[PDB]
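Visitor: Take this structure first; my questions come after.
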Amino acid sequence: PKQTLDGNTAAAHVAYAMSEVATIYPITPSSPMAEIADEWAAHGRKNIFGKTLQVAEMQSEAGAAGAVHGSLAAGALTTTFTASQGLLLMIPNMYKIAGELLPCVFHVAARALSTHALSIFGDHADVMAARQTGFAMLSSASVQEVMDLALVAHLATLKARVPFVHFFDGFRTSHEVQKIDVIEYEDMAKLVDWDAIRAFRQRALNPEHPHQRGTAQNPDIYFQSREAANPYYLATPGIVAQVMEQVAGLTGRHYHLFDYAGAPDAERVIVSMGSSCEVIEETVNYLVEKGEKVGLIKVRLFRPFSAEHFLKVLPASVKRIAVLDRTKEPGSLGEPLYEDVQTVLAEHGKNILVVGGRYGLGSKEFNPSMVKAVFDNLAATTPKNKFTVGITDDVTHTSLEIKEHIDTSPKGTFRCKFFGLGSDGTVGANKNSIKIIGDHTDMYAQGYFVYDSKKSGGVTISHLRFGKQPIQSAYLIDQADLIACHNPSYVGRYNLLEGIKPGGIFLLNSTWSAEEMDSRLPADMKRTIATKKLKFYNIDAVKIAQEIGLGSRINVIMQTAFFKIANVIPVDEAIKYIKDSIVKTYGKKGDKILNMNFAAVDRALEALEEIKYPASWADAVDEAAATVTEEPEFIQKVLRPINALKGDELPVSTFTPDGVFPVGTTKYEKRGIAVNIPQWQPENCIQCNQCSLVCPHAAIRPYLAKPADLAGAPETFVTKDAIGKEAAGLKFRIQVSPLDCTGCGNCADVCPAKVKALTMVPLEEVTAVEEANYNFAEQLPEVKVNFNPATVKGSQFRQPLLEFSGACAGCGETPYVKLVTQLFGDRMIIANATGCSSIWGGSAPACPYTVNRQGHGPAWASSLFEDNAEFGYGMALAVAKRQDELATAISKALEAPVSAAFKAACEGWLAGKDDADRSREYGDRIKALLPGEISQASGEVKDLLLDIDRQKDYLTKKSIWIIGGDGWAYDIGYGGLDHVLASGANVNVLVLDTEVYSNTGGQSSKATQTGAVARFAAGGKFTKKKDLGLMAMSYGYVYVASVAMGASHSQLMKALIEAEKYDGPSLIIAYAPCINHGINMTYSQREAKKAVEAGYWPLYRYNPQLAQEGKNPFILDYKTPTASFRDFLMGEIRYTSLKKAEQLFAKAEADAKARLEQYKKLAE
Amino acid sequence: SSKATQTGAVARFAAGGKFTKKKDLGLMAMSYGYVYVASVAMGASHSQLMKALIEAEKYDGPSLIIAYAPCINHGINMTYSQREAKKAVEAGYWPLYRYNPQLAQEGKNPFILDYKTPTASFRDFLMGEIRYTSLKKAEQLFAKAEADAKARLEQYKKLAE
Ligand SMILES: Cc1ncc(C[n+]2c([C@@](C)(O)C(=O)O)sc(CCOP(=O)(O)OP(=O)(O)O)c2C)c(N)n1
Ligand code: SF4
Ligand code: SF4
Ligand code: SF4
Ligand code: SF4
Ligand SMILES: [Mg+2]
């Protein structure tokens, strides 16, 4: 049958049918494969064995790989899905699985490896890192090929006994939606070699016919034993070839080990692999028809590399070959595929000039214009070798010049771009539009979706294609017949109408009339509309949704507007298909919700009005650009073009060679995405600063100023007298940053005044006023104040060093990290695990960590997902070594003829170098005496002072903070965290416990509670939550504390300060509410208060220092809960969606009572 | 050296002696409540090993058995390898317990301490193996090891009472 799927679903479809067990672990962009396999098993989909697939989630891909190995050796057909860093961790087991000749298929959504930077996007770096393990390797070039070649892999591995890696390009194919022919399970079972399966069962570990495998071997037999598998690898090419003929007879689609396309007498041929083959064949069709003698060899079976099957499809007329590798091996002579082609042609004496290049790293665009550039390089007198395509390499001059732009799209193919807002329904509607068109017409349909790094308020760009011919355009849309803008704020911000065809359609969602078009639309946009004679349509979708009662949801409205003008299908047919999908989507919502969406369709058709623009729009002239402010060179050359969606134009000379970025760059973004912003009521404010404490974006802060410093304040900068003996004679004001606020509403909810001192007002109404207000508050001079930093009020007067990050509105993680920077950020180094905290904390080119007025601030680094604890441990060793080198130079200065005041500060530092306050005090004293002491010295004594000055950045004692999520701490990095805590080093571990893998969409974890439903746990998690805090207490010398900011501000303050001062390992497990819980983020602080009050989350502190004082180390800070446990679960969707459901809710309540009663015994 | 190495023991990668105490694997595994955990030593008690092995296999769930295995790297006369395991438990150096999750479902205490009162000297057992005499600061590490071995017995007595 025909369905609209992506590569992931296409792969999981075949993997599910052919497997009994699937051990999985989430990693983008492979996790959708494991998610859908869990849902199918949850609803009882049967594989070819008549049973449901058993899905088991491990603690890491290393654990997943071992489970695959054991399951295979014991007699169960087992598969798994992974990519990128996950595939690296499976490499050790891959040698074993291949070495033991076990049938197996790994499905890989090929993704780049973390080098100078992390990239979740697609290339072959991961697959190439395992090409020597002995696995076979099969490449799929399209979503249709994923369906077919996944079947080829599963059938071939049973026959050959050689395990397979079936890989397809991450995102470019794994997330591309296409209408394909789906192969029925019943047809798969008719092709399976059942004799091969039964032989596999007989080789299983079984005590009734036992055997020994995996022995240790001496040099006398190891080499021979390793070569004994030679026949199995020699027979694999023919086995795969015969399987491809089986699939060919069933589907009609013919695959070979290497496939050729292009002129039979071609002289220039490109050898490539993966989705690039689709782009190359489309270009080859275009060039061959124009008379060029070019061709393409698609590599399907990369390993084992069959020389016979490669030469079989190479035309005898080939004189020059360009090999394209989607990877980079630095310092290597050439990339993998290039060296293979060069080798095989040498082994057979072919006089063919071979040239290799690199493309598409990290989902870099690879379009037909680049393909011609590769072909033109083969047509040159001396073809450039070791080249790159798709970048401008102005440093080493490896890039090919893209001279001209060609349009190789098949005639009759419709192309549309949709600019949407984060979670406004645009992407979901386009997926439904593809499903509508694919199911009811003969046209092929394709969809690809570009997402934003910002988690809330980001830009989404949808790329859709429909045509009478199969769609091989695995690249972004170049010339669009229709461009739709579902957010009017994008007008004048992004190049929306880029590349639109003459006479194309421009659909806009805005409240602007035809006359307001002259003043609202920019001149460059008006020129394109007029010169290209576009059909410009406008619709006020927001007005329609308000009047009907759908709020601001415009997804149904904008989809109706598309079909009305696109002329892809009859307008009357589309309306039926839209309303039919509404019944499928809103049928269970009720009669009221159903008819509202029906009215949305009807009202949208009548409201879509074509804008009749004057022809004089073609001559419009840009308006004079204002005098731009002097911004740093990085902001001007890097951050602005990247946020302007022009980062691909930046040449190689723009970037550092090691991925090092400046700090404090998010303050230049000023996204202004808030719908409402807090307005401060000075008369109701008690000056408690709790609003600044809970802000997940540091958008609201308190400001103090002497009355003289309030001179040039705007009239709206109303201040109040400062409360407290510390701030006597000063003015106070709570000021919000309107362009950086997210409109989450946490600060208004936490305000404890009798009358609310914060009220949510629309941004547009007060944006002009509050911007000048914030610009004045930010320019206020520093005020020396003696407020105790150990209190909530006093700590918020210190500058936040984490601001304006990309976390969601109301995130429960950033308030914890923001508070740490306010206490110790002056002297801390952060080792941050991969996860949400690394995405909002370190997504290029914007850095949310900033500096104070002295230029000091946290240094931030992210290594890997699994190594963060050991990463920070290594930092502690190095910092200790750097202080030791400084202490030696200071002790040498004591014997030098230096000033008596210099010797006093040196001795004071040497005695207190391991104390935070004393080392800063005497450290700053030495800094003040350094310039004068150097001037008064000469010769070797001056050199000794210059060495101290070179190391003055290590006088102040540092504070190592190891930050990461619960998935890192409870699963993949738990072994390393256990080791670093047990070592006794002076490190501080902060676990942001969201009880799921939050960044990757919300998958199951050991931090997930009993009965909670998450991805990979569709039926709910049976086993209870692992108690990480209890295991760290078992050492006795590890400080462990469980905190929750929403529950108790004072309890969080005490545990953080006690943990940092403790000269040893400290573990802070913080409850972080998240969007994956299925709750209203406006009341994110309130949800954490209900969690502790209902006995769901405990609050305790284990202080090893109390044991040395003869006291009880365990202190239970909240003993008696006052709220109902069952009522808290019903306030989050992650528990209500389960409603077998009642049995799990009862087990969760029994575990919460036993956990509280166990803490009462440890406290008594 | 390993996390299972005790305080004061000298091994490779621990030339100056191991400072941090032995990691309590059994204590962390008991934290789940549904994992059968048992500590055995054949030289110390034949009957206690028989009971823990049979209970662990019949338990329909995860079972963890930590067995003390004397080794040549300890620096002992292997003729008395079984006796060295008896002297280890008699000196309070290695505990014998059984954590049965099935007892918790019957309303009983899951933790059973199989050896409550040690009768041998802890310091004399350390001097009977080369892996501790090669350290001979040594007295400072031995004092911490004896305080840690008493604190481990006191923690198991609280779980039993
Ligand atoms: C070895 C390994 N395995 C899996 C991953 C994928 N991966 C992540 C990224 C950022 O790399 C990604 O989304 O691509 S983030 C992530 C889970 C994060 O879970 P945590 O609970 O630790 O942090 P939070 O995101 O705050 O919930 C995983 C599994 C990875 N990066 N490395
Ligand atoms: S509404 Fe949210 S983002 Fe805006 S200032 Fe308040 S807490 Fe910060
Ligand atoms: S939470 Fe309310 S009372 Fe407290 S400082 Fe903020 S605005 Fe003022
Ligand atoms: S932890 Fe949750 S709320 Fe915070 S950024 Fe990640 S997904 Fe968003
Ligand atoms: S006694 Fe010998 S075989 Fe036994 S654990 Fe020690 S080294 Fe290994
Ligand atoms: Mg998490």
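Here's how to read the names in the structure tokens: chain A, B, ... by the order shown, residue numbers from 1 in each chain, ligand numbers from 1 in the order shown.
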Might you pull out every residue within 10 Å of stretch 111-123 of chain B, with only C-alpha atoms counted and same-chain residues fewer than 2 positions away left off, and present them as a PyMOL selection string?
Guide: chain B and resi 30+36-40+44-45+48+87-101+103-104+108-109+125-128+142-143+145-146+149-150+153-154+156-157+159-161
Visitor: Got a sec to check which residues lie within 12 Å of ligand 6, using only C-alpha atoms and all ligand atoms, and send them as a PyMOL selection string?
Guide: chain A and resi 811-813+833-838+865+963-972+991-1008+1014+1069-1077
Visitor: Could you save those same residues with C-alpha atoms as a CSV table (one decimal), in the first residue's frame?
Guide:
```
chain,number,residue,atom,x,y,z
A,811,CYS,CA,12.0,25.9,32.3
A,812,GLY,CA,12.6,24.3,35.7
A,813,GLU,CA,16.4,23.8,35.1
A,833,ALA,CA,26.9,17.0,30.2
A,834,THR,CA,25.1,16.7,26.8
A,835,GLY,CA,21.4,17.3,27.2
A,836,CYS,CA,19.0,20.2,27.6
A,837,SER,CA,21.5,22.1,29.8
A,838,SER,CA,24.1,21.8,26.9
A,865,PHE,CA,27.1,12.6,27.2
A,963,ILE,CA,26.2,20.0,35.7
A,964,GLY,CA,24.0,17.5,33.8
A,965,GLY,CA,20.6,15.9,33.5
A,966,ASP,CA,19.1,12.9,35.3
A,967,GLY,CA,19.5,10.7,32.2
A,968,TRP,CA,23.3,11.3,32.4
A,969,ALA,CA,23.5,10.9,36.2
A,970,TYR,CA,21.1,7.9,36.5
A,971,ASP,CA,22.0,6.0,33.4
A,972,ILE,CA,24.8,6.6,30.9
A,991,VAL,CA,21.8,16.8,38.6
A,992,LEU,CA,18.8,18.6,37.0
A,993,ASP,CA,16.3,15.8,37.4
A,994,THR,CA,13.4,16.0,34.9
A,995,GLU,CA,12.7,12.3,35.2
A,996,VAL,CA,13.0,11.9,31.4
A,997,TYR,CA,15.4,12.5,28.6
A,998,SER,CA,14.0,16.0,28.1
A,999,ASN,CA,16.1,17.3,25.1
A,1000,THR,CA,15.4,14.2,22.9
A,1001,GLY,CA,11.6,14.5,23.4
A,1002,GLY,CA,10.9,12.9,26.8
A,1003,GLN,CA,12.0,9.3,26.9
A,1004,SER,CA,12.1,6.9,29.8
A,1005,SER,CA,14.9,7.0,32.4
A,1006,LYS,CA,15.8,5.4,35.7
A,1007,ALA,CA,14.7,8.7,37.2
A,1008,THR,CA,11.2,8.1,35.8
A,1014,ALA,CA,7.1,8.6,28.6
A,1069,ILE,CA,19.8,16.5,42.9
A,1070,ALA,CA,17.3,19.2,42.0
A,1071,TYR,CA,13.7,18.6,40.9
A,1072,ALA,CA,13.2,20.4,37.5
A,1073,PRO,CA,9.7,20.7,36.1
A,1074,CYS,CA,9.6,20.3,32.4
A,1075,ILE,CA,7.2,20.6,29.4
A,1076,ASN,CA,7.5,16.8,28.9
A,1077,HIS,CA,5.4,16.4,32.1
```
Visitor: Could you give me, as CSV, every chain B residue with an atom at most 12 Å from chain A, plus its closest atom pair and distance in Å to one decimal, counting only C-alpha atoms, rows ordered by chain then number?
Guide:
```
residue,atom,partner,partner_atom,distance
B:2,CA,A:979,CA,10.5
B:3,CA,A:979,CA,8.3
B:4,CA,A:982,CA,11.4
B:18,CA,A:983,CA,10.6
B:19,CA,A:983,CA,9.3
B:20,CA,A:983,CA,7.0
B:21,CA,A:1035,CA,8.2
B:22,CA,A:1035,CA,8.6
B:23,CA,A:1035,CA,6.7
B:24,CA,A:1034,CA,6.8
B:25,CA,A:1034,CA,9.0
B:26,CA,A:1034,CA,9.8
B:27,CA,A:1034,CA,6.8
B:28,CA,A:1031,CA,5.2
B:29,CA,A:1031,CA,8.5
B:30,CA,A:1031,CA,9.5
B:31,CA,A:1030,CA,7.2
B:32,CA,A:1026,CA,6.8
B:33,CA,A:1024,CA,10.0
B:34,CA,A:1023,CA,9.5
B:35,CA,A:1023,CA,11.7
B:61,CA,A:1023,CA,11.9
B:104,CA,A:1154,CA,11.7
B:148,CA,A:1036,CA,10.2
B:151,CA,A:1036,CA,10.3
B:152,CA,A:1034,CA,10.3
B:155,CA,A:1034,CA,10.4
B:158,CA,A:1162,CA,9.8
B:159,CA,A:1161,CA,10.1
B:161,CA,A:1161,CA,11.6
```
Visitor: May I have the selected residues written with N, CA and C atoms, as a PDB file, in the first residue's frame?
Guide:
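In the end it all went to part.pdb:
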```pdb
ATOM      1  N   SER B   2      41.353  -1.344  42.810  1.00  0.00           N
ATOM      2  CA  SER B   2      39.948  -1.375  42.435  1.00  0.00           C
ATOM      3  C   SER B   2      39.161  -0.607  43.487  1.00  0.00           C
ATOM      4  N   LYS B   3      37.893  -0.322  43.182  1.00  0.00           N
ATOM      5  CA  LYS B   3      37.018   0.228  44.210  1.00  0.00           C
ATOM      6  C   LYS B   3      36.698  -0.800  45.286  1.00  0.00           C
ATOM      7  N   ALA B   4      36.884  -2.088  44.992  1.00  0.00           N
ATOM      8  CA  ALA B   4      36.696  -3.148  45.973  1.00  0.00           C
ATOM      9  C   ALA B   4      37.893  -3.327  46.897  1.00  0.00           C
ATOM     10  N   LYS B  18      45.899   2.607  49.507  1.00  0.00           N
ATOM     11  CA  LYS B  18      44.601   3.148  49.116  1.00  0.00           C
ATOM     12  C   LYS B  18      44.012   3.939  50.278  1.00  0.00           C
ATOM     13  N   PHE B  19      43.677   5.207  50.028  1.00  0.00           N
ATOM     14  CA  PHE B  19      43.133   6.061  51.079  1.00  0.00           C
ATOM     15  C   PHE B  19      41.633   5.845  51.271  1.00  0.00           C
ATOM     16  N   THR B  20      40.856   5.957  50.191  1.00  0.00           N
ATOM     17  CA  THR B  20      39.409   5.790  50.264  1.00  0.00           C
ATOM     18  C   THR B  20      39.050   4.349  50.610  1.00  0.00           C
ATOM     19  N   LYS B  21      37.932   4.187  51.315  1.00  0.00           N
ATOM     20  CA  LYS B  21      37.546   2.878  51.811  1.00  0.00           C
ATOM     21  C   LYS B  21      36.902   2.051  50.695  1.00  0.00           C
ATOM     22  N   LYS B  22      36.586   0.794  51.003  1.00  0.00           N
ATOM     23  CA  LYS B  22      35.978  -0.101  50.023  1.00  0.00           C
ATOM     24  C   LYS B  22      34.565   0.356  49.680  1.00  0.00           C
ATOM     25  N   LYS B  23      34.248   0.366  48.385  1.00  0.00           N
ATOM     26  CA  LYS B  23      32.897   0.674  47.932  1.00  0.00           C
ATOM     27  C   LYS B  23      31.933  -0.415  48.389  1.00  0.00           C
ATOM     28  N   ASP B  24      30.789  -0.007  48.938  1.00  0.00           N
ATOM     29  CA  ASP B  24      29.810  -0.963  49.455  1.00  0.00           C
ATOM     30  C   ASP B  24      28.823  -1.270  48.335  1.00  0.00           C
ATOM     31  N   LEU B  25      29.161  -2.281  47.532  1.00  0.00           N
ATOM     32  CA  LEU B  25      28.296  -2.685  46.427  1.00  0.00           C
ATOM     33  C   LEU B  25      26.978  -3.260  46.929  1.00  0.00           C
ATOM     34  N   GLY B  26      27.030  -4.076  47.984  1.00  0.00           N
ATOM     35  CA  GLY B  26      25.812  -4.684  48.497  1.00  0.00           C
ATOM     36  C   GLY B  26      24.822  -3.669  49.033  1.00  0.00           C
ATOM     37  N   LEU B  27      25.325  -2.608  49.668  1.00  0.00           N
ATOM     38  CA  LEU B  27      24.437  -1.604  50.246  1.00  0.00           C
ATOM     39  C   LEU B  27      23.679  -0.846  49.164  1.00  0.00           C
ATOM     40  N   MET B  28      24.338  -0.559  48.038  1.00  0.00           N
ATOM     41  CA  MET B  28      23.667   0.153  46.956  1.00  0.00           C
ATOM     42  C   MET B  28      22.636  -0.732  46.268  1.00  0.00           C
ATOM     43  N   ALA B  29      22.933  -2.028  46.130  1.00  0.00           N
ATOM     44  CA  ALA B  29      21.994  -2.941  45.481  1.00  0.00           C
ATOM     45  C   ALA B  29      20.762  -3.204  46.335  1.00  0.00           C
ATOM     46  N   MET B  30      20.891  -3.100  47.657  1.00  0.00           N
ATOM     47  CA  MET B  30      19.736  -3.268  48.525  1.00  0.00           C
ATOM     48  C   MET B  30      18.781  -2.090  48.423  1.00  0.00           C
ATOM     49  N   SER B  31      19.264  -0.944  47.939  1.00  0.00           N
ATOM     50  CA  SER B  31      18.443   0.257  47.878  1.00  0.00           C
ATOM     51  C   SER B  31      17.249   0.085  46.955  1.00  0.00           C
ATOM     52  N   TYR B  32      17.328  -0.839  45.995  1.00  0.00           N
ATOM     53  CA  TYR B  32      16.178  -1.103  45.139  1.00  0.00           C
ATOM     54  C   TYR B  32      15.063  -1.808  45.900  1.00  0.00           C
ATOM     55  N   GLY B  33      15.411  -2.660  46.861  1.00  0.00           N
ATOM     56  CA  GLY B  33      14.447  -3.401  47.639  1.00  0.00           C
ATOM     57  C   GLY B  33      14.007  -4.710  47.011  1.00  0.00           C
ATOM     58  N   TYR B  34      13.971  -4.780  45.680  1.00  0.00           N
ATOM     59  CA  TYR B  34      13.559  -5.979  44.962  1.00  0.00           C
ATOM     60  C   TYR B  34      14.731  -6.782  44.407  1.00  0.00           C
ATOM     61  N   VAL B  35      15.955  -6.486  44.835  1.00  0.00           N
ATOM     62  CA  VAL B  35      17.141  -7.218  44.411  1.00  0.00           C
ATOM     63  C   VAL B  35      17.619  -8.057  45.587  1.00  0.00           C
ATOM     64  N   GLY B  61      13.560 -12.858  40.353  1.00  0.00           N
ATOM     65  CA  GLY B  61      14.006 -11.494  40.201  1.00  0.00           C
ATOM     66  C   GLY B  61      15.517 -11.410  40.192  1.00  0.00           C
ATOM     67  N   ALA B 104      10.154  -9.236  52.742  1.00  0.00           N
ATOM     68  CA  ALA B 104       9.452  -7.963  52.880  1.00  0.00           C
ATOM     69  C   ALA B 104       7.986  -8.083  52.477  1.00  0.00           C
ATOM     70  N   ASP B 148      36.280   2.051  60.070  1.00  0.00           N
ATOM     71  CA  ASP B 148      35.336   1.820  58.981  1.00  0.00           C
ATOM     72  C   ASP B 148      34.713   0.431  59.055  1.00  0.00           C
ATOM     73  N   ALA B 151      32.074   0.673  61.745  1.00  0.00           N
ATOM     74  CA  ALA B 151      30.921   1.428  61.265  1.00  0.00           C
ATOM     75  C   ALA B 151      30.075   0.609  60.300  1.00  0.00           C
ATOM     76  N   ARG B 152      30.694  -0.306  59.547  1.00  0.00           N
ATOM     77  CA  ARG B 152      29.922  -1.168  58.656  1.00  0.00           C
ATOM     78  C   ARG B 152      29.116  -2.196  59.441  1.00  0.00           C
ATOM     79  N   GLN B 155      26.171  -0.419  61.052  1.00  0.00           N
ATOM     80  CA  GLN B 155      25.105  -0.100  60.111  1.00  0.00           C
ATOM     81  C   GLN B 155      24.234  -1.320  59.837  1.00  0.00           C
ATOM     82  N   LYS B 158      21.871  -1.976  62.747  1.00  0.00           N
ATOM     83  CA  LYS B 158      20.696  -1.112  62.727  1.00  0.00           C
ATOM     84  C   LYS B 158      19.659  -1.629  61.736  1.00  0.00           C
ATOM     85  N   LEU B 159      20.115  -2.181  60.606  1.00  0.00           N
ATOM     86  CA  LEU B 159      19.191  -2.758  59.633  1.00  0.00           C
ATOM     87  C   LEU B 159      18.528  -4.025  60.163  1.00  0.00           C
ATOM     88  N   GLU B 161      17.978  -4.671  63.596  1.00  0.00           N
ATOM     89  CA  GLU B 161      17.156  -4.356  64.764  1.00  0.00           C
ATOM     90  C   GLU B 161      15.855  -3.653  64.385  1.00  0.00           C
TER      91      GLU B 161
END
```
Visitor: Of the residues A:372, A:520, A:440, A:290, which is the one nearest to residue A:570, using only C-alpha atoms?
Guide: A:440
Visitor: List all protein, DNA and RNA residues that have an atom no more than 10 Å from any atom of ligand 3, counting only C-alpha atoms and all ligand atoms, and report them as an MDAnalysis selection string.
Guide: chainID A and resid 678:694 700:702 732:735 746:759 793 796
Visitor: Which protein, DNA or RNA residues have an atom within 8 Å of ligand 2, counting only C-alpha atoms and all ligand atoms, as a PyMOL selection string?
Guide: chain A and resi 674+676-678+691-692+694-700+736-738+740-748+760+809-810+1082
Visitor: Step one, run DSSP on the backbone; step two, keep only residues of stretch 17-84 of chain B assigned to strand (DSSP E or B); then write them as a PyMOL selection string.
Guide: chain B and resi 36-40+63-67
Visitor: Distance limit 9 Å, reference ligand 5, atoms considered: only C-alpha atoms and all ligand atoms. Which residues make the cut? Give them as an MDAnalysis selection string.
Guide: chainID B and resid 69:74 78
Visitor: What does the distance between atom CA of residue A:1106 and atom CA of residue A:1118 come to in Å, to one decimal place?
Guide: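 Computing it gives 18.6 Å between the two atoms.
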Visitor: Just give me the gap between atom CA of residue A:818 and atom CA of residue A:801 in Å, one decimal is fine.
Guide: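 Distance between the two atoms: 6.7 Å.
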Visitor: Can you pull out every residue within 12 Å of residue A:32, counting only C-alpha atoms, but drop anything in the same chain fewer than 6 positions away, and send it as a compact mmCIF listing (two decimals) with N, CA and C atoms, in the first residue's frame?
Guide:
```txt
# COMPACT_ATOMS: atom_id res chain seq x y z
N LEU A 5 5.46 8.26 4.91
CA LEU A 5 6.31 7.97 6.06
C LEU A 5 7.62 8.73 5.91
N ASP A 6 8.42 8.69 6.97
CA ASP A 6 9.80 9.14 6.91
C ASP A 6 10.72 7.93 6.92
N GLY A 7 12.02 8.20 6.76
CA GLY A 7 12.99 7.11 6.76
C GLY A 7 12.94 6.29 8.04
N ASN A 8 12.79 6.97 9.18
CA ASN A 8 12.76 6.26 10.46
C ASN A 8 11.60 5.27 10.52
N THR A 9 10.39 5.73 10.20
CA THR A 9 9.24 4.84 10.26
C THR A 9 9.37 3.73 9.22
N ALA A 10 9.90 4.06 8.04
CA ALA A 10 10.11 3.04 7.02
C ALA A 10 11.07 1.97 7.52
N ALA A 11 12.13 2.37 8.23
CA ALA A 11 13.08 1.40 8.75
C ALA A 11 12.47 0.58 9.87
N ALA A 12 11.82 1.24 10.83
CA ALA A 12 11.20 0.53 11.94
C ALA A 12 10.13 -0.44 11.46
N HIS A 13 9.44 -0.10 10.37
CA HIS A 13 8.44 -1.00 9.81
C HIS A 13 9.05 -2.36 9.49
N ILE A 24 17.17 -0.77 22.86
CA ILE A 24 17.29 0.58 22.32
C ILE A 24 17.80 1.54 23.39
N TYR A 25 18.28 2.69 22.91
CA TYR A 25 18.69 3.82 23.73
C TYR A 25 18.55 5.06 22.86
N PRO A 26 17.97 6.14 23.36
CA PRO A 26 17.63 7.27 22.49
C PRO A 26 18.85 8.09 22.10
N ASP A 38 8.14 1.01 20.07
CA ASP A 38 7.50 0.84 21.38
C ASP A 38 5.99 1.00 21.28
N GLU A 39 5.51 1.98 20.51
CA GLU A 39 4.07 2.18 20.39
C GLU A 39 3.39 1.01 19.70
N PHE A 81 18.60 0.42 17.15
CA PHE A 81 18.62 1.66 16.40
C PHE A 81 19.49 2.66 17.14
N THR A 82 20.39 3.32 16.41
CA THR A 82 21.32 4.25 17.04
C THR A 82 21.91 5.15 15.96
N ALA A 83 22.87 5.98 16.35
CA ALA A 83 23.54 6.91 15.45
C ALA A 83 24.66 7.60 16.21
N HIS A 107 20.17 -0.42 12.62
CA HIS A 107 19.62 0.66 11.80
C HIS A 107 20.14 1.99 12.32
N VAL A 108 20.85 2.71 11.45
CA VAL A 108 21.58 3.91 11.82
C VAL A 108 21.07 5.06 10.98
N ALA A 109 20.61 6.12 11.64
CA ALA A 109 20.32 7.40 10.99
C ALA A 109 21.60 8.20 11.06
N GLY A 170 21.10 11.02 8.20
CA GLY A 170 20.32 11.60 9.28
C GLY A 170 19.61 12.87 8.84
N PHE A 171 18.35 12.99 9.26
CA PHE A 171 17.48 14.10 8.89
C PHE A 171 17.17 14.14 7.40
N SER A 174 16.10 10.42 7.24
CA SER A 174 15.41 9.87 8.40
C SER A 174 14.17 10.68 8.77
N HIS A 175 14.20 11.99 8.53
CA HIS A 175 13.08 12.86 8.85
C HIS A 175 12.37 13.42 7.62
N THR A 1000 15.71 15.11 24.01
CA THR A 1000 15.38 14.22 22.90
C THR A 1000 13.89 13.92 22.79
N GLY A 1001 13.04 14.63 23.53
CA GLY A 1001 11.60 14.51 23.39
C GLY A 1001 10.87 13.93 24.58
N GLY A 1002 11.58 13.41 25.58
CA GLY A 1002 10.92 12.94 26.78
C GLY A 1002 10.82 11.44 26.88
N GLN A 1003 11.97 10.76 26.86
CA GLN A 1003 12.02 9.31 26.90
C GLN A 1003 12.25 8.81 28.32
N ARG A 1015 8.18 8.37 26.40
CA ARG A 1015 8.59 7.64 25.21
C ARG A 1015 9.53 6.51 25.60
N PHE A 1016 9.37 5.37 24.93
CA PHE A 1016 9.95 4.07 25.30
C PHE A 1016 9.28 3.45 26.52
```
Visitor: Considering only C-alpha atoms, return as a PyMOL selection string whatever protein or nucleic-acid residues lie within 12 Å of stretch 1049-1054 of chain A, sequence-local ones (same chain, fewer than 4 positions apart) excluded.
Guide: chain A and resi 688-691+693-694+750+788-796+815-817+819-820+822-823+1041-1045+1058-1061+1068-1071+1085+1088-1089+1098-1103+1115-1118
Visitor: Near residue A:824, counting only C-alpha atoms, which residues have an atom at most 10 Å away, once you skip same-chain residues fewer than 5 positions from it, shown as a list in words?
Guide: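 Here the qualifying residues turn out to be residues 801, 819, 829, 857, 858, 916, 958, 959, 960, 961, 1057 and 1060 of chain A.
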